[PDB]
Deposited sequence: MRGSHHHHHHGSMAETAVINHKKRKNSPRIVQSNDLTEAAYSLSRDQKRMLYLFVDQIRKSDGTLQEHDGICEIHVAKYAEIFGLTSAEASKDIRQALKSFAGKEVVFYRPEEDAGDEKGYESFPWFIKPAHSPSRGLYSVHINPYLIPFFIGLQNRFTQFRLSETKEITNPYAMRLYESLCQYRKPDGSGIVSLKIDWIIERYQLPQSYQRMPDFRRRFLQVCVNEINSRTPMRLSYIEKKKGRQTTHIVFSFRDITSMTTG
């Protein structure tokens, strides 16, 4: 399946995207990389076959993701850009044409890489973010270990405000996304908490490949 590669600056950027939008974004990065001006395209029926959707639900996902890009911004730590500089539009039935901010090109191409089949069954977008950040530290053989700071996780993945309370962070984000990765990717993930006084400050992730 297609080999996604991306600059670590994108892996570590601060933004808020849905699952459907992240799925589309992987294909944009792939199109761009095979070369330019920044104009990309998406076909409904190919999208449907890639992610095992019907044509109808594919159409619904593309259309609403596309209208949900408006006003979205990307921050590279500290410079913010919009993803799109023109509305999406359809020249032909079943075909969408998109105008990515050409100023984003160099941020796409010290790098992270993974095959698309590794992530295409993940449902929760925060788990996609986590699996990307872990891939950034992976070894040829397939293992790695990394310590991520909680405040940096919250700022980078733009987690919602109630997850500033640690028990909610545990219950609705960490446990769910670790259990997702272990069930939906070829990765096998464990973790332990690092503390300072009563506060938990980092999470230490270890993983190997099956």
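Residues of the deposited sequence lacking C-alpha coordinates, counted from 1, fall in the stretches 1-26, 62-67, 110-120, 153-156, 258-263.
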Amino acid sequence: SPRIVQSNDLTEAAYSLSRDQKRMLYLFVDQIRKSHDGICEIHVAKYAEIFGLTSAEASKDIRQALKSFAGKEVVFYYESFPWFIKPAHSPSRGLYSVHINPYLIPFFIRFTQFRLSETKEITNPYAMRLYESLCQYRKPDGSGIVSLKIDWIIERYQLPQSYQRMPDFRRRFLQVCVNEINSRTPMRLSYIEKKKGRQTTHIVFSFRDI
From here on, numbers count along this sequence of modelled residues.
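When 89-97 is weighed against 131-139, 89-97 comes out higher, by mean CA B-factor as recorded in the entry. Of the two segments, 45-53 and 156-164, the one listed with the higher mean B-factor is 45-53 (C-alpha atoms only). Across the residues 62, 177, 148, 40, the deposited record lists the maximum Cα B factor for 40.
Highest CA B-factor among the listed residues (74, 104, 109, 122): 109. In this PDB entry, residue 171 carries a Cα temperature factor that places it within the lowest third of its chain's modelled residues. Ranked within its chain, residue 32 lands in the highest third, by CA B factor from the PDB record. Ranked by C-alpha B-factor against the other modelled residues of its chain, residue 17 falls in the lowest third. In the PDB entry, a CA B factor belonging to the highest third of its chain's modelled residues is recorded for residue 187.
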